[PDB]
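Only one chain is included here, represented as structure tokens and corresponding to the form deposited in one PDB entry.
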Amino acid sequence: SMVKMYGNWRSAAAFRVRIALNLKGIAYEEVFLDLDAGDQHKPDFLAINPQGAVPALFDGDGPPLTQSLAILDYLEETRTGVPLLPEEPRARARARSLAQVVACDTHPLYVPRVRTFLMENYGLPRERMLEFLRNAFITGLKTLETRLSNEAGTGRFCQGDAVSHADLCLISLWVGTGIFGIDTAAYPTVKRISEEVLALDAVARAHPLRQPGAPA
């Protein structure tokens, strides 16, 4: 009947997909796992995604899809009304590169399994573990600020004047700066674009703090 997503309130990866579903007007239901209580490690969920991570997405008949970027492209290829990539190949590649600075080189360094491994494997206290998370955030934010401020492709959004996968990934990082307490004063271009993105109904409705399980 309708698209079904396995997600979590806090997850940046689920947030990216949630935004795309809203932007494209796709009706969906979301099942919220508790990733801190280990719902992602239960046999029932491992049957859906052996990786033990969210998001996982069902689109009618067929196996579930995982990995937020792959899912964003799937939605692009199967629901074309509101495109979230430009048409020109260099512009597409830049948007994807910016997206991947976040989705490959930043976010995977601060997910719960990394945070717990640092504590459990090395005996690091949470406070010292967070130095790794902060370094990942700051490294990604500095990269994005430099690229967005200096490259000709930036407009109202990351790439030109249309929302793209880059912006979905950027806002997913930005909301994390709030959640994890990263100072963002040094990234004014990232701030400008993130606030432009967050002003959209489709994005705001998808915000982690509006999902079940969120704190006040």
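One-based numbering along the sequence shown. Rigid core: the largest C-alpha set superposing within 1.5 Å between the two forms.
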Practice prompt. Pick between 124 to 132 and 93 to 101: the one whose mean CA B-factor in the entry is higher.
Written response: 124 to 132
Response to the item:
Per the PDB entry, mean CA B-factor is higher for 166 to 174 or 56 to 64, namely for 56 to 64
Practice prompt. Sort the modelled residues of this chain by their C-alpha B factor and say whether residue 148 lands in the lowest, middle or highest third.
Written response: middle
Discussion item. How does the C-alpha B factor of residue 46 compare with the rest of the chain: lowest, middle or highest third?
Written reply: highest
Worksheet, complete the sentence: Split the chain's modelled residues into thirds by Cα B-factor; residue 86 lands in the middle
Worksheet item: Among the modelled residues of its chain, does the C-alpha B-factor of residue 32 lie in the lowest, middle or highest third?
Response: middle
Worksheet item: What third of its chain's C-alpha B-factors does residue 26 belong to: lowest, middle or highest?
Response: middle
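Same protein, other form: the form deposited in another entry, not shown, and the subject of what follows.
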Discussion item. Once the rigid core is superposed, exactly one of 186, 70, 46, 27 has its CA displaced by 2 Å or more between the shown form and the other one; which residue is that?
Written reply: 46
